[PDB]
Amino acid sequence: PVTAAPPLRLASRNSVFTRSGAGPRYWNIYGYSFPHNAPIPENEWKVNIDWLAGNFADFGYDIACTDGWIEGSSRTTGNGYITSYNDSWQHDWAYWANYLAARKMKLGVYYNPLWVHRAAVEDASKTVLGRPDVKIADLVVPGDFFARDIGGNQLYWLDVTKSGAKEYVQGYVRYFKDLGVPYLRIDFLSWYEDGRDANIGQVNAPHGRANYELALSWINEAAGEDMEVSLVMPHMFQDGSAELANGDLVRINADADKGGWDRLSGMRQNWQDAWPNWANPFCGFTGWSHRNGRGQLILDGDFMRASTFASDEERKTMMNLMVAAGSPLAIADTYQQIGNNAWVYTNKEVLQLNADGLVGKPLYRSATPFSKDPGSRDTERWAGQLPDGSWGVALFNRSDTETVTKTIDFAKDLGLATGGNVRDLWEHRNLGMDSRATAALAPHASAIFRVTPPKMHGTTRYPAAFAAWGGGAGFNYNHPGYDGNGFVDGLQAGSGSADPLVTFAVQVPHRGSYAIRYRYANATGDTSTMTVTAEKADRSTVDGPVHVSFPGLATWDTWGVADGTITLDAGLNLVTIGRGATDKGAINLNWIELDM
């Protein structure tokens, strides 16, 4: 029988955004501003919005998002917050957020709330929201300009040790949130933190890790559950600990830039310790995939520039990758650039993967961090499970010259007992019941499938090696007997202040008590326990926390199945199993099953 338990110690922001599914669908001005190297004129912003309203908003791309080139946004409120995107604009943020509302859309904003504009500093009448004693001028160290060393002289970096700083930062984050912004894209924090860039040299004065982590905590608290926090230049120190604790999205690649295959799949394949750890998103998504999933981070592959690619097969591959990784789907094509490529973004079955909350992982091959061993995960084969137990499976051929067969076996790789019905989502074709998904792919081509296991008597298996991992839980395959490619270890007592855990998203037809099974190993020499909960996306408890018991077994190569019962509500539940301070021993976890 199960006993009551205290809650697990978390190390992630664990917001409704990361719990509820994949990244958002949006449009960004980068397609105009990057090639023009200039801020988007207000009229071009308007024409793009109107085009989105008529052509893509109906496919869920209902955020229009500003980007950089913000040095020329100098007008501020009485408390130093920018009133518009650029000083050339006739209308303020409120006007645009409502013009967007009139078209069933929302405003996305690119800004860093640690920027303090020079013009605000130079107007001594401006003061910190709620702190009339602190002039905006009192928030900065003279000379401490963003990008100082490369000519920057319009934006200061905030000195977070100055009185009024917290109120300034938090007021800036709520300023946008209150305006109706569901998405804040925060860039340049690595330049803030250590004043350097591996692709340039010194850029400005360093501010240090402690200040960086404090600033993030302020942003997190200020954004709350209402506004999604995208971190665009994360240094990802300590396996991304500060970013995981305080953000929803992290960029995992160098900028889209001129786009095309080389940005998507080239440049360099190796890891480096500096922003960006990996240059291309195939490597970046694969490399940071251990940090993805419900309640952890959403990985951000940046912007899709469809007409920068060389073929329609490349365009499909671009989209398939973002979808497979659970990334935001961010269109950067303007109304002038889209040409005949709208179809890339609006395949309903492919979009349905993102809607249902697909967050795939590359096929794990070993426990070694991908940063140390590129053989440890397969950048070209991806799979993830939807809450209802169906799957998204994606296969890629990154060869420039050879046609290559890729396969995911449902028993050997995914760890299922049942096979599944397979639908090719670009062919829009049912392939029937099968034991694998496979494609002979031309160079740069891909395939993506919905795989739907049959459910004899409702039984649904969720393999742990494709679930979400936190607090030191991770993949291994170093004791035989597991179903699939491996299992989850690190569910043991540890140094850190976070508890190791695995989270599964599960979808059930009705409220009730459900039979749950746990395939595990435990050769600690004694019974082990784990804390199990069910929760709503908003974190509300549906069941537990309770200690579940796992009988000791002869060896680590021995597997067994513990039985339990769990109360789940209709629809989406997050079932999280982990090792708290009060739990005993350790387990390795292969899968859970629910009879629904």
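Throughout, we count residues from 1 along the sequence that is shown.
Once the C-alpha B-factors are averaged per stretch, 300 to 308 and 104 to 112 rank with 104 to 112 first. Averaged over Cα atoms, the B-factor as recorded in the entry is higher for 428 to 436 than for the other of 428 to 436 and 280 to 288. Highest C-alpha temperature factor among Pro39, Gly31, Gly60, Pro545, as the PDB entry reports it: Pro545. Out of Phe504, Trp275, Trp96, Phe146, it is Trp96 whose C-alpha atom has the highest B-factor in the PDB entry. Residue-level temperature factors show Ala581 in the highest third of its chain, judged at the C-alpha atom. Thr18: CA B factor in the lowest third of modelled residues in this chain (values from the PDB entry).
Among all modelled residues in its chain, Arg131 ranks in the middle third by Cα B-factor. Ranked by Cα temperature factor within the chain, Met319 sits in the lowest third according to the deposited record. Looking at the C-alpha B-factors along this chain, the one for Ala537 belongs to the middle third.
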